[PDB]
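Shown next: model23.cif, given as mmCIF, C-alpha atoms.
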```
data_model
#
loop_
_atom_site.label_atom_id
_atom_site.label_comp_id
_atom_site.auth_asym_id
_atom_site.auth_seq_id
_atom_site.Cartn_x
_atom_site.Cartn_y
_atom_site.Cartn_z
CA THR A 566 -20.69 20.32 -22.27
CA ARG A 567 -23.55 21.80 -24.32
CA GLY A 568 -21.46 24.81 -25.38
CA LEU A 584 -16.18 9.13 -21.86
CA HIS A 585 -18.02 5.83 -22.34
CA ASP A 586 -14.74 3.98 -22.91
CA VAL A 587 -13.31 5.52 -19.73
CA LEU A 588 -16.59 4.75 -17.96
CA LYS A 589 -15.86 1.04 -18.31
CA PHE A 590 -12.27 1.68 -17.22
CA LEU A 591 -13.11 3.66 -14.08
CA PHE A 592 -15.45 0.86 -13.03
CA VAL A 593 -12.62 -1.68 -13.36
CA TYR A 594 -10.28 0.20 -11.02
CA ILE A 595 -13.15 0.93 -8.64
CA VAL A 596 -14.18 -2.72 -8.62
CA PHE A 597 -10.58 -3.89 -8.33
CA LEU A 598 -9.73 -1.32 -5.65
CA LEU A 599 -12.65 -2.54 -3.56
CA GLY A 600 -11.49 -6.12 -4.06
CA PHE A 601 -7.79 -5.43 -3.54
CA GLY A 602 -8.54 -3.17 -0.59
CA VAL A 603 -10.81 -5.72 1.06
CA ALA A 604 -8.10 -8.31 0.44
CA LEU A 605 -5.38 -6.66 2.49
CA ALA A 606 -6.02 -2.96 3.15
CA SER A 607 -9.05 -3.72 5.30
CA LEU A 608 -7.53 -7.02 6.49
CA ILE A 609 -4.63 -5.30 8.25
CA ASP A 627 -13.36 5.70 7.64
CA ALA A 628 -11.43 4.03 4.81
CA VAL A 629 -7.79 3.48 3.86
CA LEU A 630 -8.27 3.51 0.07
CA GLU A 631 -5.94 6.53 -0.11
CA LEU A 632 -3.21 4.05 -1.12
CA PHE A 633 -4.69 3.95 -4.65
CA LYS A 634 -2.54 6.96 -5.66
CA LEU A 635 -1.04 5.02 -8.55
CA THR A 636 0.13 8.15 -10.38
CA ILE A 637 2.14 9.51 -7.43
CA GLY A 638 0.97 10.92 -4.12
CA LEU A 639 1.99 9.03 -1.00
CA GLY A 640 4.41 6.14 -1.28
CA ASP A 641 4.20 2.90 0.69
CA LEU A 642 5.99 3.30 4.05
CA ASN A 643 5.49 -0.46 4.62
CA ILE A 644 1.96 -1.19 5.94
CA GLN A 645 1.19 0.64 9.21
CA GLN A 646 -2.11 2.52 9.43
CA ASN A 647 -4.05 1.03 12.36
CA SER A 648 -3.49 -2.08 14.50
CA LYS A 649 0.03 -2.56 13.16
CA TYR A 650 0.68 -5.69 15.23
CA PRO A 651 2.68 -8.38 13.39
CA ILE A 652 0.27 -10.42 11.27
CA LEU A 653 0.34 -12.39 8.01
CA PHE A 654 -0.12 -9.10 6.10
CA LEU A 655 3.56 -9.28 5.13
CA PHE A 656 2.74 -11.93 2.52
CA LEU A 657 -0.16 -9.74 1.37
CA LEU A 658 2.39 -7.05 0.48
CA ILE A 659 3.70 -9.38 -2.22
CA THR A 660 0.10 -9.71 -3.39
CA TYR A 661 -0.01 -5.92 -3.12
CA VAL A 662 2.85 -5.85 -5.63
CA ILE A 663 0.86 -8.32 -7.71
CA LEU A 664 -2.13 -5.98 -7.47
CA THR A 665 0.14 -3.08 -8.41
CA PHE A 666 1.42 -5.03 -11.42
CA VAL A 667 -2.02 -5.58 -12.93
CA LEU A 668 -3.08 -1.99 -12.19
CA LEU A 669 -0.12 -0.82 -14.27
CA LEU A 670 -1.14 -3.21 -17.04
CA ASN A 671 -4.82 -2.26 -16.69
CA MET A 672 -4.27 1.40 -17.55
CA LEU A 673 -1.59 0.55 -20.12
CA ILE A 674 -3.89 -1.77 -22.07
CA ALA A 675 -6.81 0.67 -22.17
CA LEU A 676 -5.10 4.06 -22.49
CA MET A 677 -2.66 2.94 -25.19
CA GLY A 678 -4.95 0.38 -26.84
CA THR B 566 -13.57 -11.77 -14.83
CA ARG B 567 -16.53 -13.93 -15.89
CA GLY B 568 -18.84 -10.91 -16.22
CA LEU B 584 -2.10 -11.60 -18.59
CA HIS B 585 0.01 -14.52 -19.82
CA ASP B 586 2.54 -12.13 -21.39
CA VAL B 587 2.76 -10.19 -18.13
CA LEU B 588 2.94 -13.51 -16.25
CA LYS B 589 6.33 -14.17 -17.85
CA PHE B 590 7.33 -10.58 -17.12
CA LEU B 591 6.40 -10.60 -13.43
CA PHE B 592 8.44 -13.78 -13.00
CA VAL B 593 11.49 -12.06 -14.50
CA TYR B 594 11.43 -9.16 -12.04
CA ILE B 595 10.65 -11.54 -9.17
CA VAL B 596 13.51 -13.82 -10.17
CA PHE B 597 15.85 -10.88 -10.76
CA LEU B 598 14.79 -9.12 -7.55
CA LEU B 599 15.61 -12.25 -5.56
CA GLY B 600 18.96 -12.47 -7.32
CA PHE B 601 19.78 -8.76 -7.13
CA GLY B 602 18.55 -8.60 -3.54
CA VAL B 603 20.60 -11.61 -2.48
CA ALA B 604 23.57 -10.03 -4.25
CA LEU B 605 23.73 -6.86 -2.18
CA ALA B 606 20.50 -6.11 -0.32
CA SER B 607 20.89 -9.18 1.88
CA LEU B 608 24.70 -8.94 1.76
CA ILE B 609 24.77 -5.59 3.56
CA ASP B 627 11.98 -9.76 7.65
CA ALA B 628 13.12 -8.61 4.19
CA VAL B 629 14.49 -5.43 2.63
CA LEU B 630 13.01 -5.92 -0.85
CA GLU B 631 11.07 -2.66 -0.40
CA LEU B 632 13.82 -1.02 -2.50
CA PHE B 633 12.20 -2.49 -5.64
CA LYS B 634 9.93 0.58 -5.93
CA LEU B 635 11.14 1.23 -9.46
CA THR B 636 8.16 3.43 -10.36
CA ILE B 637 8.64 5.84 -7.44
CA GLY B 638 8.16 5.30 -3.72
CA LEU B 639 11.23 5.62 -1.54
CA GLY B 640 14.48 6.83 -3.04
CA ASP B 641 17.93 5.49 -2.18
CA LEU B 642 19.33 7.36 0.85
CA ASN B 643 22.66 5.54 0.27
CA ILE B 644 22.57 2.00 1.78
CA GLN B 645 21.83 2.00 5.53
CA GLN B 646 19.15 -0.40 6.78
CA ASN B 647 20.82 -2.70 9.33
CA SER B 648 24.46 -3.27 10.28
CA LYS B 649 25.61 -0.18 8.38
CA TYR B 650 29.28 -0.67 9.26
CA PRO B 651 31.68 0.19 6.40
CA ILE B 652 31.93 -2.82 4.10
CA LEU B 653 32.56 -3.51 0.42
CA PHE B 654 28.87 -2.79 -0.28
CA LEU B 655 29.92 0.57 -1.76
CA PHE B 656 31.08 -1.20 -4.93
CA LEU B 657 27.80 -3.13 -4.93
CA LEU B 658 25.99 0.21 -5.26
CA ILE B 659 27.54 0.55 -8.71
CA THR B 660 26.22 -2.94 -9.42
CA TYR B 661 22.95 -1.68 -7.95
CA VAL B 662 22.98 0.98 -10.68
CA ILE B 663 23.77 -1.81 -13.15
CA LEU B 664 20.80 -3.74 -11.77
CA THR B 665 18.69 -0.59 -12.05
CA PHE B 666 19.80 -0.15 -15.66
CA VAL B 667 18.61 -3.58 -16.79
CA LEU B 668 15.36 -3.26 -14.82
CA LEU B 669 14.61 -0.11 -16.80
CA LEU B 670 15.41 -1.97 -20.02
CA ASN B 671 13.47 -5.04 -18.88
CA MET B 672 10.14 -3.23 -18.62
CA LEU B 673 10.91 -1.07 -21.66
CA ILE B 674 11.50 -4.09 -23.91
CA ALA B 675 8.35 -5.93 -22.84
CA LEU B 676 5.84 -3.11 -22.30
CA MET B 677 6.71 -1.29 -25.53
CA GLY B 678 7.63 -4.37 -27.57
#
```

Show this structure as structure tokens.
Amino acid sequence: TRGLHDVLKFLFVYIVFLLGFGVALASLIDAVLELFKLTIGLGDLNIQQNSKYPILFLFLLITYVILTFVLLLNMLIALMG
Amino acid sequence: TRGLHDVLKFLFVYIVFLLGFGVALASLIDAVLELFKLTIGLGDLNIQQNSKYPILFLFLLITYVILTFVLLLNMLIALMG
């Protein structure tokens, strides 16, 4: 460097939101935050990581889409703003 | 937040359209709305989820492309507008 402040606020937002969104459903149903590969990486494959017994996490998947929606808008607003 | 209205209209449009498009063919041929991964996720793999006996759903796949076409235009018009 001797030879990011705007992003610094941004990276905190995803990190804060990922902790919140993850605690909402990812922990509800080591860490499992590997699902934050918004660019690409792994897909969805429903929600089956550990203790995949039928629970109310199905409705949380809709909220997961809601979380995905704002994440797309979050980067769009800042990167293109 | 103490430390989206335009998107709110948008997310309703996809949700309304997904219910309509899904009821059109996805339910015609638990839920199967996981096919709405427009960004990436799972591909198509034809149409074989449950009761894959030969039916008129083949023509609905063309309508599925038609549905895909407007979904691409739906986000393009709003996000870039």

Q: Between B:655, B:666, B:567, B:646, single out the one closest to residue 629 (chain B), counting only C-alpha atoms.
A: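 Nearest to residue 629 (chain B): B:646.
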
Show me, as a tab-separated table, the residues of chain A having an atom within 12 Å of chain B, each with the closest atom pair and its distance in Å, using all atoms listed in the file.
```
residue	atom	partner	partner_atom	distance
A:593	CA	B:566	CA	10.2
A:596	CA	B:566	CA	11.0
A:597	CA	B:566	CA	10.6
A:632	CA	B:638	CA	11.7
A:634	CA	B:638	CA	11.0
A:635	CA	B:636	CA	9.5
A:636	CA	B:637	CA	9.3
A:637	CA	B:637	CA	7.5
A:638	CA	B:638	CA	9.1
A:639	CA	B:638	CA	7.7
A:640	CA	B:638	CA	4.6
A:641	CA	B:638	CA	6.4
A:642	CA	B:639	CA	8.0
A:643	CA	B:631	CA	7.8
A:644	CA	B:631	CA	11.2
A:651	CA	B:627	CA	11.0
A:653	CA	B:627	CA	11.9
A:655	CA	B:627	CA	8.8
A:656	CA	B:627	CA	10.8
A:658	CA	B:631	CA	9.8
A:659	CA	B:630	CA	10.0
A:660	CA	B:591	CA	11.9
A:661	CA	B:631	CA	11.9
A:662	CA	B:634	CA	9.6
A:663	CA	B:591	CA	8.3
A:664	CA	B:591	CA	11.4
A:665	CA	B:636	CA	10.5
A:666	CA	B:591	CA	7.7
A:667	CA	B:584	CA	8.3
A:668	CA	B:584	CA	11.6
A:669	CA	B:636	CA	10.1
A:670	CA	B:587	CA	8.1
A:671	CA	B:584	CA	9.9
A:673	CA	B:676	CA	8.6
A:674	CA	B:676	CA	9.8
A:677	CA	B:677	CA	10.3
A:678	CA	B:677	CA	11.9
```

(Q) Rounded to one decimal, what separation in Å do you get between CA of residue 599 (chain A) and CA of residue 568 (chain B)? (A)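 Going from CA of residue 599 (chain A) over to CA of residue 568 (chain B) covers 16.4 Å.
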
Output chain A, superimposed onto chain B using in-order Cα pairs, as a PDB file with C-alpha atoms, keeping the file's coordinate frame:
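In the end it all went to part_34.pdb:
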```pdb
ATOM      1  CA  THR A 566     -13.571 -11.769 -14.829  1.00  0.00           C
ATOM      2  CA  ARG A 567     -16.531 -13.932 -15.894  1.00  0.00           C
ATOM      3  CA  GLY A 568     -18.837 -10.912 -16.229  1.00  0.00           C
ATOM      4  CA  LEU A 584      -2.101 -11.602 -18.589  1.00  0.00           C
ATOM      5  CA  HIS A 585       0.014 -14.517 -19.826  1.00  0.00           C
ATOM      6  CA  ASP A 586       2.539 -12.136 -21.395  1.00  0.00           C
ATOM      7  CA  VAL A 587       2.758 -10.198 -18.121  1.00  0.00           C
ATOM      8  CA  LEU A 588       2.945 -13.507 -16.250  1.00  0.00           C
ATOM      9  CA  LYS A 589       6.325 -14.172 -17.848  1.00  0.00           C
ATOM     10  CA  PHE A 590       7.338 -10.577 -17.116  1.00  0.00           C
ATOM     11  CA  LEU A 591       6.398 -10.597 -13.429  1.00  0.00           C
ATOM     12  CA  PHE A 592       8.433 -13.774 -13.003  1.00  0.00           C
ATOM     13  CA  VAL A 593      11.495 -12.059 -14.502  1.00  0.00           C
ATOM     14  CA  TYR A 594      11.432  -9.162 -12.034  1.00  0.00           C
ATOM     15  CA  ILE A 595      10.648 -11.537  -9.175  1.00  0.00           C
ATOM     16  CA  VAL A 596      13.514 -13.816 -10.164  1.00  0.00           C
ATOM     17  CA  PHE A 597      15.844 -10.878 -10.755  1.00  0.00           C
ATOM     18  CA  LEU A 598      14.794  -9.116  -7.546  1.00  0.00           C
ATOM     19  CA  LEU A 599      15.605 -12.247  -5.566  1.00  0.00           C
ATOM     20  CA  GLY A 600      18.963 -12.467  -7.323  1.00  0.00           C
ATOM     21  CA  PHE A 601      19.774  -8.760  -7.126  1.00  0.00           C
ATOM     22  CA  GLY A 602      18.553  -8.598  -3.541  1.00  0.00           C
ATOM     23  CA  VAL A 603      20.598 -11.610  -2.482  1.00  0.00           C
ATOM     24  CA  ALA A 604      23.565 -10.029  -4.253  1.00  0.00           C
ATOM     25  CA  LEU A 605      23.730  -6.866  -2.182  1.00  0.00           C
ATOM     26  CA  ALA A 606      20.496  -6.115  -0.309  1.00  0.00           C
ATOM     27  CA  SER A 607      20.888  -9.182   1.887  1.00  0.00           C
ATOM     28  CA  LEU A 608      24.701  -8.939   1.756  1.00  0.00           C
ATOM     29  CA  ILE A 609      24.766  -5.587   3.552  1.00  0.00           C
ATOM     30  CA  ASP A 627      11.982  -9.760   7.645  1.00  0.00           C
ATOM     31  CA  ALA A 628      13.122  -8.608   4.196  1.00  0.00           C
ATOM     32  CA  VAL A 629      14.496  -5.428   2.630  1.00  0.00           C
ATOM     33  CA  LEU A 630      13.007  -5.922  -0.854  1.00  0.00           C
ATOM     34  CA  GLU A 631      11.075  -2.661  -0.392  1.00  0.00           C
ATOM     35  CA  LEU A 632      13.818  -1.028  -2.497  1.00  0.00           C
ATOM     36  CA  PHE A 633      12.198  -2.498  -5.640  1.00  0.00           C
ATOM     37  CA  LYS A 634       9.929   0.579  -5.936  1.00  0.00           C
ATOM     38  CA  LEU A 635      11.141   1.232  -9.467  1.00  0.00           C
ATOM     39  CA  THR A 636       8.157   3.426 -10.360  1.00  0.00           C
ATOM     40  CA  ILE A 637       8.649   5.836  -7.438  1.00  0.00           C
ATOM     41  CA  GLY A 638       8.156   5.306  -3.725  1.00  0.00           C
ATOM     42  CA  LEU A 639      11.228   5.621  -1.530  1.00  0.00           C
ATOM     43  CA  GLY A 640      14.477   6.829  -3.037  1.00  0.00           C
ATOM     44  CA  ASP A 641      17.927   5.493  -2.178  1.00  0.00           C
ATOM     45  CA  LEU A 642      19.329   7.357   0.857  1.00  0.00           C
ATOM     46  CA  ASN A 643      22.657   5.541   0.276  1.00  0.00           C
ATOM     47  CA  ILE A 644      22.570   2.007   1.771  1.00  0.00           C
ATOM     48  CA  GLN A 645      21.829   2.000   5.524  1.00  0.00           C
ATOM     49  CA  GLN A 646      19.151  -0.394   6.777  1.00  0.00           C
ATOM     50  CA  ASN A 647      20.816  -2.696   9.326  1.00  0.00           C
ATOM     51  CA  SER A 648      24.468  -3.265  10.279  1.00  0.00           C
ATOM     52  CA  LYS A 649      25.606  -0.177   8.385  1.00  0.00           C
ATOM     53  CA  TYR A 650      29.281  -0.670   9.253  1.00  0.00           C
ATOM     54  CA  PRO A 651      31.679   0.194   6.403  1.00  0.00           C
ATOM     55  CA  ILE A 652      31.935  -2.822   4.101  1.00  0.00           C
ATOM     56  CA  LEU A 653      32.568  -3.519   0.409  1.00  0.00           C
ATOM     57  CA  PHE A 654      28.871  -2.788  -0.285  1.00  0.00           C
ATOM     58  CA  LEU A 655      29.927   0.563  -1.758  1.00  0.00           C
ATOM     59  CA  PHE A 656      31.082  -1.199  -4.931  1.00  0.00           C
ATOM     60  CA  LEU A 657      27.795  -3.129  -4.922  1.00  0.00           C
ATOM     61  CA  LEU A 658      25.982   0.207  -5.261  1.00  0.00           C
ATOM     62  CA  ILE A 659      27.537   0.545  -8.711  1.00  0.00           C
ATOM     63  CA  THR A 660      26.221  -2.949  -9.419  1.00  0.00           C
ATOM     64  CA  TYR A 661      22.951  -1.678  -7.956  1.00  0.00           C
ATOM     65  CA  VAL A 662      22.984   0.976 -10.684  1.00  0.00           C
ATOM     66  CA  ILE A 663      23.772  -1.804 -13.142  1.00  0.00           C
ATOM     67  CA  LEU A 664      20.800  -3.742 -11.768  1.00  0.00           C
ATOM     68  CA  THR A 665      18.692  -0.593 -12.050  1.00  0.00           C
ATOM     69  CA  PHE A 666      19.798  -0.150 -15.666  1.00  0.00           C
ATOM     70  CA  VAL A 667      18.611  -3.579 -16.785  1.00  0.00           C
ATOM     71  CA  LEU A 668      15.360  -3.259 -14.813  1.00  0.00           C
ATOM     72  CA  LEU A 669      14.609  -0.108 -16.805  1.00  0.00           C
ATOM     73  CA  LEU A 670      15.414  -1.965 -20.019  1.00  0.00           C
ATOM     74  CA  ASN A 671      13.470  -5.047 -18.885  1.00  0.00           C
ATOM     75  CA  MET A 672      10.146  -3.225 -18.615  1.00  0.00           C
ATOM     76  CA  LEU A 673      10.906  -1.073 -21.664  1.00  0.00           C
ATOM     77  CA  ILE A 674      11.503  -4.085 -23.910  1.00  0.00           C
ATOM     78  CA  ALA A 675       8.351  -5.928 -22.834  1.00  0.00           C
ATOM     79  CA  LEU A 676       5.838  -3.113 -22.302  1.00  0.00           C
ATOM     80  CA  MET A 677       6.710  -1.285 -25.525  1.00  0.00           C
ATOM     81  CA  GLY A 678       7.624  -4.370 -27.566  1.00  0.00           C
TER      82      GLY A 678
END
```

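Remark: for residue 645 (chain A), the closest of the candidate residues A:586, A:609, A:566, A:657 is A:609 (distances computed over all atoms listed in the file).
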
Taking all atoms of region 566-594 of chain A that the file lists, what box with edges along x, y and z, padded by 3 Å per side, do you get, with centre and edge lengths in Å to one decimal, as AutoDock Vina command-line options?
```
--center_x -16.9 --center_y 11.6 --center_z -18.2 --size_x 19.3 --size_y 32.5 --size_z 20.4
```

Q: Provide the CA of residue 602 (chain B) to CA of residue 652 (chain A) distance in Å, to one decimal place.
A: 23.6 Å

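For the pair CA of residue 600 (chain A) and CA of residue 675 (chain B), the interatomic distance is 27.3 Å.
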
N, CA, C and O atoms modelled onto region 627-639 of chain A, as a PDB file, in the coordinates of the input:
```
ATOM      1  N   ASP A 627     -14.605   5.307   8.290  1.00  0.00           N
ATOM      2  CA  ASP A 627     -13.360   5.700   7.640  1.00  0.00           C
ATOM      3  C   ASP A 627     -12.841   4.592   6.731  1.00  0.00           C
ATOM      4  O   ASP A 627     -13.183   3.422   6.906  1.00  0.00           O
ATOM      5  N   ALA A 628     -12.013   4.968   5.760  1.00  0.00           N
ATOM      6  CA  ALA A 628     -11.430   4.030   4.810  1.00  0.00           C
ATOM      7  C   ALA A 628      -9.935   4.298   4.695  1.00  0.00           C
ATOM      8  O   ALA A 628      -9.417   5.298   5.201  1.00  0.00           O
ATOM      9  N   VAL A 629      -9.237   3.386   4.023  1.00  0.00           N
ATOM     10  CA  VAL A 629      -7.790   3.480   3.860  1.00  0.00           C
ATOM     11  C   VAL A 629      -7.454   3.366   2.375  1.00  0.00           C
ATOM     12  O   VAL A 629      -6.303   3.114   1.997  1.00  0.00           O
ATOM     13  N   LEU A 630      -8.451   3.587   1.518  1.00  0.00           N
ATOM     14  CA  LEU A 630      -8.270   3.510   0.070  1.00  0.00           C
ATOM     15  C   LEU A 630      -7.397   4.625  -0.487  1.00  0.00           C
ATOM     16  O   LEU A 630      -7.231   4.701  -1.709  1.00  0.00           O
ATOM     17  N   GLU A 631      -6.830   5.482   0.362  1.00  0.00           N
ATOM     18  CA  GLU A 631      -5.940   6.530  -0.110  1.00  0.00           C
ATOM     19  C   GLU A 631      -4.663   5.973  -0.733  1.00  0.00           C
ATOM     20  O   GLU A 631      -3.935   6.722  -1.393  1.00  0.00           O
ATOM     21  N   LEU A 632      -4.381   4.684  -0.538  1.00  0.00           N
ATOM     22  CA  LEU A 632      -3.210   4.050  -1.120  1.00  0.00           C
ATOM     23  C   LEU A 632      -3.316   3.871  -2.627  1.00  0.00           C
ATOM     24  O   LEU A 632      -2.327   3.484  -3.256  1.00  0.00           O
ATOM     25  N   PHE A 633      -4.479   4.137  -3.217  1.00  0.00           N
ATOM     26  CA  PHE A 633      -4.690   3.950  -4.650  1.00  0.00           C
ATOM     27  C   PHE A 633      -4.058   5.053  -5.493  1.00  0.00           C
ATOM     28  O   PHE A 633      -4.330   5.126  -6.696  1.00  0.00           O
ATOM     29  N   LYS A 634      -3.218   5.906  -4.907  1.00  0.00           N
ATOM     30  CA  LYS A 634      -2.540   6.960  -5.660  1.00  0.00           C
ATOM     31  C   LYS A 634      -1.484   6.312  -6.546  1.00  0.00           C
ATOM     32  O   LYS A 634      -0.282   6.332  -6.269  1.00  0.00           O
ATOM     33  N   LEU A 635      -1.951   5.714  -7.644  1.00  0.00           N
ATOM     34  CA  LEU A 635      -1.040   5.020  -8.550  1.00  0.00           C
ATOM     35  C   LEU A 635      -0.152   5.988  -9.310  1.00  0.00           C
ATOM     36  O   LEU A 635       1.000   5.659  -9.612  1.00  0.00           O
ATOM     37  N   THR A 636      -0.661   7.181  -9.626  1.00  0.00           N
ATOM     38  CA  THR A 636       0.130   8.150 -10.380  1.00  0.00           C
ATOM     39  C   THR A 636       1.327   8.628  -9.560  1.00  0.00           C
ATOM     40  O   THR A 636       2.465   8.617 -10.042  1.00  0.00           O
ATOM     41  N   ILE A 637       1.085   9.044  -8.318  1.00  0.00           N
ATOM     42  CA  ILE A 637       2.140   9.510  -7.430  1.00  0.00           C
ATOM     43  C   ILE A 637       1.602   9.565  -6.009  1.00  0.00           C
ATOM     44  O   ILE A 637       1.279   8.531  -5.418  1.00  0.00           O
ATOM     45  N   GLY A 638       1.500  10.771  -5.457  1.00  0.00           N
ATOM     46  CA  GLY A 638       0.970  10.920  -4.120  1.00  0.00           C
ATOM     47  C   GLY A 638       1.864  10.255  -3.089  1.00  0.00           C
ATOM     48  O   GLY A 638       3.093  10.243  -3.213  1.00  0.00           O
ATOM     49  N   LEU A 639       1.240   9.693  -2.059  1.00  0.00           N
ATOM     50  CA  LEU A 639       1.990   9.030  -1.000  1.00  0.00           C
ATOM     51  C   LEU A 639       2.610   7.735  -1.516  1.00  0.00           C
ATOM     52  O   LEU A 639       2.097   7.089  -2.434  1.00  0.00           O
TER      53      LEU A 639
END
```
